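**Q** Mind folding the following:
(2 chains)
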Amino acid sequence: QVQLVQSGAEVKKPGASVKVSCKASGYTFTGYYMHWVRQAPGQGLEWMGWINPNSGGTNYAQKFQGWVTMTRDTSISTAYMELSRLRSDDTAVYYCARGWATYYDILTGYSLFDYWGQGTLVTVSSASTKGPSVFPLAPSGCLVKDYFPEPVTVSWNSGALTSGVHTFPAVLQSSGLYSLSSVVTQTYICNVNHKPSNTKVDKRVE
Amino acid sequence: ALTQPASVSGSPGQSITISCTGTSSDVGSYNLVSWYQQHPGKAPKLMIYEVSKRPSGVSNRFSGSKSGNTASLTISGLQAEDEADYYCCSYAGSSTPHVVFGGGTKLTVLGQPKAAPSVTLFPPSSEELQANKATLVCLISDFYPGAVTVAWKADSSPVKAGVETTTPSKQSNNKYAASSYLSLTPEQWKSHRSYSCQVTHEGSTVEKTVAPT
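**A** Numbers count the residues shown, from 1 in each chain, chains lettered A, B, ... in the order given. Find the structure here:
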């Protein structure tokens, strides 16, 4: 069916620029309006603008004017969004969502944002990409500490240990580094994967 | 924006209505009001479009109306799966056509039994200590509702510096969980006889204690 796929999560230092892509499939690209909507983590939704992929005509929300640039390449049916001079408070999941048809006399309906992409989390901070420090919580788990950026993935016994494991949300310390802990309820080994920094660590839990 | 109610509650198998107050330039002028339901970790899902109309594979339980300058979404026959964030959207622009969204509404599906939290305290690891660092971890994992307060004590007396706490969050069990961290120095850790994690939940505390000896 209709599937929108967006590019990978990007981590950038304030003042830099980013380019996000939105691959369309299962529909005629030039047929439908292509909108962008961002959501700050745990915050509400914010409309930014639409592009007519057919004509190329653009419309920005007032507070998105002057730094947001939207283009499209109909050859590969991919919409592009270029954010310039990024600020810390511009950390959000950036979504592309399909509008209604692009011709004057409208068939079907005005089904706005009937289909969304998976999102692009654009993280901006003065902090640098930091690999985590993992420590075992001995019994009477693993503490995953001091990492940026967020994600982080914790496997147990090379991923064999699946039952009783609980992974807690991360806290954003004053350092601007994240910290989470995952708890386990013969030999137990710790395998934490930090994809954004390409870091893996092994640790033992005795 | 349009002004939406921050939070709405109801009991299972009943109906509620979520307002979405706009101006004459949006909801008043156009019959292009849409509603979206967003679950945690997932993009929003089109539920309602053109004020009243419903997409294919959305349940009949989701009705849409609009009177004057305010929109409303009614969910008949409340199920547990309906617990999510509900945004309202409308076409705007007298001579400048734009899209505007709503501030959002968290719907709570009542009935889930109240559960006292379950506290676990881990001491600093010796291998963390060898890095000239020490951290105590407080995990609260099996409580409803999802409102807790954590407070740290060193030798019975309150400490508030180097506390990094998470806001509570739901689990697979559909019971809320929070974590608390106390970042110490090895000097502080060794120099005290006890360290405590007091978790208050609806007028009641569960305190766990750990000792460096």
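
**Q** quick one, longest helix in chain B?
**A** Longest helix in chain B by number of residues, with DSSP state H as the criterion: helix B:186-191.

**Q** helices and strands around it, which ones?
**A** strand B:134-143 (3 or more C-beta pairs under 8 Å, 6 or more residues apart in numbering or on different chains; DSSP states H and E). Yep, even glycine has a C-beta here, placed from its N, CA and C like the rest.

**Q** Mind giving me the packing neighbours of the strand it packs on?
**A** Checking 3+ C-beta pairs under 8 Å, 6+ apart, strand B:134-143 ends up next to strand A:142-147, strand A:178-184, strand B:119-122, strand B:149-154, strand B:176-184, helix B:186-191, strand B:195-200.

**Q** Name all residues that make contact with the residue nearest to the spatial centre of chain A.
**A** In chain A, the centroid-proximal residue (C-alpha atoms, centre = their mean) is residue A:121; its distance is 2.3 Å. If you count contacts by C-beta atoms under 8 Å, 6 or more residues apart in numbering or on different chains, residue A:121 has them with A:9, A:41, A:92, A:93, A:94.

**Q** Can you give me the neighbour number for residue A:171?
**A** 17 (other C-beta atoms under 10 Å in any protein chain shown).

**Q** ok, now how distant is it from residue B:135?
**A** Plainly put, residue A:171 is 11 Å away from residue B:135 if you go by C-beta to C-beta, to the nearest Å.

**Q** Beta-bridge partners for the spatially most central residue of chain B, please?
**A** The centre of chain B sits closest to residue B:169, judged by C-alpha atoms, centre = their mean, with a distance of 6.2 Å. Following DSSP bridges, residue B:169 is listed with bridge partners residue B:177.

**Q** Likewise for residue A:68?
**A** Counting by DSSP bridges, the residues bridging with residue A:68 are residue A:83.

**Q** Count the neighbours of it for me.
**A** Neighbour number of residue A:68 under other C-beta under 10 Å is 18.

**Q** likewise residue B:96?
**A** Neighbours of residue B:96 (other C-beta under 10 Å): 9.

**Q** can I assume residue B:25 is in contact with residue B:95?
**A** No - under the criterion of C-beta atoms under 8 Å, residue B:25 makes no contact with residue B:95, lying 10.2 Å away.

**Q** Between these two, tell me which one has more neighbours.
**A** For residue B:25 and residue B:95, the more surrounded residue by other C-beta under 10 Å is residue B:25, and the numbers stand at 17 against 4.

**Q** In contact with that one, which residues?
**A** By C-beta under 8 Å, 6+ apart, the neighbours of residue B:25 are B:92, B:93, B:94.

**Q** May I ask which helix or strand encompasses it?
**A** Using DSSP states H and E, residue B:25 falls within no helix or strand.

**Q** how much space between it and chain A?
**A** Using C-beta to the nearest C-beta, to the nearest Å, residue B:25 is found at 14 Å from chain A.

**Q** now do residue B:179
**A** 4 Å.

**Q** Can you give me the buried ones in stretch B:126-144?
**A** Using 16 or more other C-beta atoms under 10 Å in any protein chain shown as the test for burial, stretch B:126-144 gives B:128-129, B:133-141, B:143-144.

**Q** Give me the common contacts of residue A:171 and residue B:135.
**A** residue B:181.

**Q** before we move on, what SS does the residue nearest to residue B:14 when sequence neighbours are not counted have?
**A** Distance criterion C-beta to C-beta, 6 or more residues apart in numbering or on different chains; nearest residue to residue B:14, sequence neighbours excluded, is residue B:78 at 5.8 Å. For residue B:78, the assignment made with DSSP: H, G, I helix; E, B strand; the rest coil gives coil.

**Q** so residue B:78 makes contact with residue B:108?
**A** No - Residue B:78 is beyond contact range of residue B:108, at 10.2 Å (criterion: C-beta under 8 Å).

**Q** Of the two, which one has the most company?
**A** Set side by side, residue B:78 and residue B:108 show more neighbours around residue B:78, with 20 against 14, by other C-beta under 10 Å.

**Q** who's in contact with that one?
**A** B:10, B:11, B:12, B:13, B:14, B:15, B:16, B:109.

**Q** if we can go back for a sec, make JSON lines from the helices and strands packed on strand B:134-143 and add mean neighbour count and distance to residue A:21 to it.
**A** Converted to JSON lines, the helices and strands packed on strand B:134-143 look like this (neighbours: other C-beta atoms under 10 Å in any protein chain shown; distance: least, C-beta to C-beta, whole Å):
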{"stretch": "strand A:142-147", "mean neighbour count": "24", "distance to residue A:21": "27"}
{"stretch": "strand A:178-184", "mean neighbour count": "22", "distance to residue A:21": "26"}
{"stretch": "strand B:119-122", "mean neighbour count": "20", "distance to residue A:21": "43"}
{"stretch": "strand B:149-154", "mean neighbour count": "18", "distance to residue A:21": "42"}
{"stretch": "strand B:176-184", "mean neighbour count": "23", "distance to residue A:21": "36"}
{"stretch": "helix B:186-191", "mean neighbour count": "14", "distance to residue A:21": "48"}
{"stretch": "strand B:195-200", "mean neighbour count": "20", "distance to residue A:21": "45"}
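
**Q** Nearest to residue A:108 among those would be which one?
**A** Residue A:108 lies closest to strand B:176-184 among those, at 42.2 Å (C-beta to C-beta).

**Q** Strand B:149-154 and that closest one, what's the angle between them?
**A** Angle between the axes of strand B:176-184 and strand B:149-154 is 30 degrees (criterion: axes from the mean of the first three to the mean of the last three C-alpha atoms, to 10 degrees).

**Q** quick one: strand B:176-184 to strand A:178-184, angle?
**A** 120 degrees.

**Q** Now do the domain split for chain A, please.
**A** Domain ranges of chain A: A:5-124, A:133-204, per automatic domain parsing.
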